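Accompanying notes for the structure given below.
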Amino acid sequence: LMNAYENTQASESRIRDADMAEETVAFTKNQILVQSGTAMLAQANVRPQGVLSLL
Amino acid sequence: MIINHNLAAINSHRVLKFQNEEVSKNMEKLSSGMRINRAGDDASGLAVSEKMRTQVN
Amino acid sequence: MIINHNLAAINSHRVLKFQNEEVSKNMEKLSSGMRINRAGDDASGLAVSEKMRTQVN
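Residue numbers (the authors' numbering), protein chains in the order written: chain D, 226 to 280; chain S, 1 to 57; chain X, 1 to 57.
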């Protein structure tokens with residue numbers, strides 16, 4: 226019974242648990258993505274103001 | 001030039017927030033550490049995990 | 001000189017509008033962060049992209 230329990234617990238965990246390494250890799254990729262996106266948006270914010278030159 | 005709207009900025013916002021909910025669920029999922037936290041991720045996996053939890057108890 | 005039509009103004013406005021068009025076209029693919037988001041840019045590349053994405057999933 227104890228061997229059965231350890232095997233089934235391992236299988237359930239690896240089914241239910243997630244791998245932290247891929248989690249943090251994806252988190253870093255997404256964090257850099259959103260930072261680039263918001264800097265992008267801030268840069269794009271001023272683009273329409275260029276036409277104010279010939280007011 | 002057309003100044004009443006900035007559609008490009010709106011689309012950038014759209015992709016930004018669309019990534020925002022994904023990064024939010026990612027953050028909660030590694031905070032819990034579980035790849036399944038609420039239904040919709042994998043209901044079959046959730047049911048199997050519950051069955052195995054009952055089994056181990 | 002003829003004042004009823006400013007040809008130079010027309011040319012400047014035309015080149016200006018095209019320039020802003022590709023500025024928006026480049027800025028949107030910055031926004032997605034991806035080389036192609038809208039069709040027409042590379043249909044073959046797009047199709048290979050979905051093929052590879054399905055394969056990796």
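Note that beta-carbon positions come from the ideal geometry of N, C-alpha and C, so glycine has one too.
If you measure between the beta carbons of residue i and residue j, is that distance less than 9 angstroms?
i, j, result
"S:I3", "D:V259", "no"
"D:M265", "S:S24", "no"
"D:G262", "S:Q19", "yes"
"D:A246", "S:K29", "no"
"S:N57", "D:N255", "no"
"X:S31", "D:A269", "yes"
"D:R272", "S:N6", "yes"
"D:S236", "S:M34", "no"
Helix, strand or coil for residue i, going by three-state DSSP, please let me know.
i, result
"S:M1", "coil"
"X:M34", "coil"
Looking only at its own chain, which residues have a Cβ that is under 7 angstroms from the Cβ of residue i, when we skip the five neighbours before and after it?
i, result
"X:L46", "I36, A39"
"S:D42", "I36"
Give me the chain X residues within the contact set of residue i, using Cβ-Cβ distance strictly less than 7 angstroms, ordered along the chain.
i, result
"S:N20", "Residues of chain X passing the Cβ test: none, with the nearest at roughly 14 angstroms."
"D:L258", "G33"
"S:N11", "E28, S31"
"D:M227", "Within chain X, no residue comes near D:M227; the closest Cβ sits about 38 angstroms away, beyond 7 angstroms."
Could you list which residues in chain X have their beta carbon closer than 8 angstroms to that of residue i, in chain order?
i, result
"residue 64 of chain S", "Here chain S covers residues 1 to 57 and nothing more, so residue 64 of chain S does not appear."
"D:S238", "The contacting residues do not exist; D:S238 stays about 24 angstroms from chain X at best."
"residue 196 of chain D", "Residue coverage of chain D in this structure runs from 226 to 280, which leaves residue 196 of chain D outside it and unanswerable."
List, in chain order, every chain S residue whose beta-carbon is nearer than 8 angstroms to that of residue i.
i, result
"D:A243", "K29, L30, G33, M34, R35"
By Cβ distance, which residues of its chain are closer than 8 angstroms to residue i, with the 5 residues on each side in sequence left out?
i, result
"X:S49", "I36"
Using C-beta distances below 6 angstroms, list every residue in its chain close to residue i, excluding the 5 sequence neighbours before and after it, in chain order.
i, result
"X:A8", "none"
If the cut is a Cβ gap below 7 angstroms, which residues of chain D does residue i touch?
i, result
"S:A8", "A269"
Exercise for the section: Please specify which runs of the alpha helix (DSSP H), each continuous and at least 4 residues long, are wholly inside the region 6 to 56 of chain S, giving them in chain order. Expected result: 7 to 32, 43 to 56
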